[PDB]
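**Q** Here is the sequence, then the experimental structure:
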Amino acid sequence: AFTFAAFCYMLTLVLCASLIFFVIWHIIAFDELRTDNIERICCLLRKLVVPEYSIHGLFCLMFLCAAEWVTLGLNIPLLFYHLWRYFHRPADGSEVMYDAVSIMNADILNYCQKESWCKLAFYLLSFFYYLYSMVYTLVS
Amino acid sequence: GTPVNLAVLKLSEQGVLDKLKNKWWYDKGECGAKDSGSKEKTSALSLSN
């Protein structure tokens, strides 16, 4: 029984499989920072920030329309986190955030390294959670 | 004849026989009554098409 909410699970599996691929360059370019060039990785990783956040802004709009009050709750602290991680940080004001070319300041490399294995944690088990609630609705 | 004939007359205005009309029929929508949620008979294409 194909429903509208079941399409909202098929669409996010198309998109969150790229959202794990956004944050695989989160950890590999940090691996290039720990082995070493800085303004190269600054100019790269600054770009793909508003994509990895506003795609998450899509789903919080989406499951509201899908009227899934479970899965709307299971990502709304991350949207609260994506908003909070944003708005203090573009005080530099070059394009968006996440590098601020003098990134080599202490304690911000490891705090973003916390976030490196935080996104790769959250996006992965949710990817199998959207595939869970896909098959839940699609053959019910 | 006439005791039972006077019974069904009495059974009528007491409201007992039509309570028995309820009693074995009122609760028997245990099937779900799916006719109740189907009176639209909508004719647009759905996702299933």
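**A** Ah, there it is. Numbers count the residues shown, from 1 in each chain, chains lettered A, B, ... in the order given.
**Q** Which residue is the nearest non-sequential neighbour of residue A:63?
**A** Nearest-residue entry for residue A:63: residue A:72, 4.4 Å, with adjacent residues in sequence omitted and distances by Cβ to Cβ, 6 or more residues apart in numbering or on different chains. To be clear about C-beta, it is placed using only N, CA and C from the backbone, and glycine gets the same treatment.
**Q** Determine the three-state secondary structure at that neighbour.
**A** Three-state call for residue A:72 (DSSP: H, G, I helix; E, B strand; the rest coil): coil.
**Q** Could I get the full set of helices for chain B?
**A** Secondary structure of chain B (DSSP state H): helices at B:2-13, B:17-23.
**Q** among these, which is nearest residue A:120?
**A** helix B:17-23 (63.1 Å; Cβ to Cβ).
**Q** Please point out which parts of the closest one sit buried.
**A** Counting neighbours by 16 or more other Cβ atoms under 10 Å in any protein chain shown, one finds that helix B:17-23 has no buried residues.
**Q** give the contact list for residue 24.
**A** As the question left the chain open, I've gone with chain A. Taking Cβ atoms under 8 Å, 6 or more residues apart in numbering or on different chains as the criterion, residue A:24 is in contact with residue A:120.
**Q** I'd say the residue nearest to residue A:63 and residue A:64 touch.
**A** Yes. The pair residue A:72 / residue A:64 is scored as a contact, 6.1 Å apart, by Cβ atoms under 8 Å.
**Q** rewinding a little: nearest approach to residue A:89 belongs to which of the helices of chain B?
**A** The closest of those to residue A:89 is helix B:17-23. By Cβ to Cβ, the value is 69.3 Å.
**Q** gap between the closest one and the chain center?
**A** Chain-centre distance of helix B:17-23: 10 Å, with Cα atoms, centre = their mean, to the nearest Å.
**Q** Please apply the same query to stretch B:29-41.
**A** Put simply, stretch B:29-41 sits 13 Å off its chain's centre (Cα atoms, centre = their mean).
**Q** Next: stretch B:28-44.
**A** Counting by Cα atoms, centre = their mean, stretch B:28-44 is centred 15 Å from the centre of its parent chain.
**Q** Count the residues that sit near residue A:97.
**A** Neighbourhood size, residue A:97 [other Cβ atoms under 10 Å in any protein chain shown]: 20.
**Q** how near is it to chain B?
**A** Per Cβ to the nearest Cβ, to the nearest Å, residue A:97 is found 40 Å from chain B.
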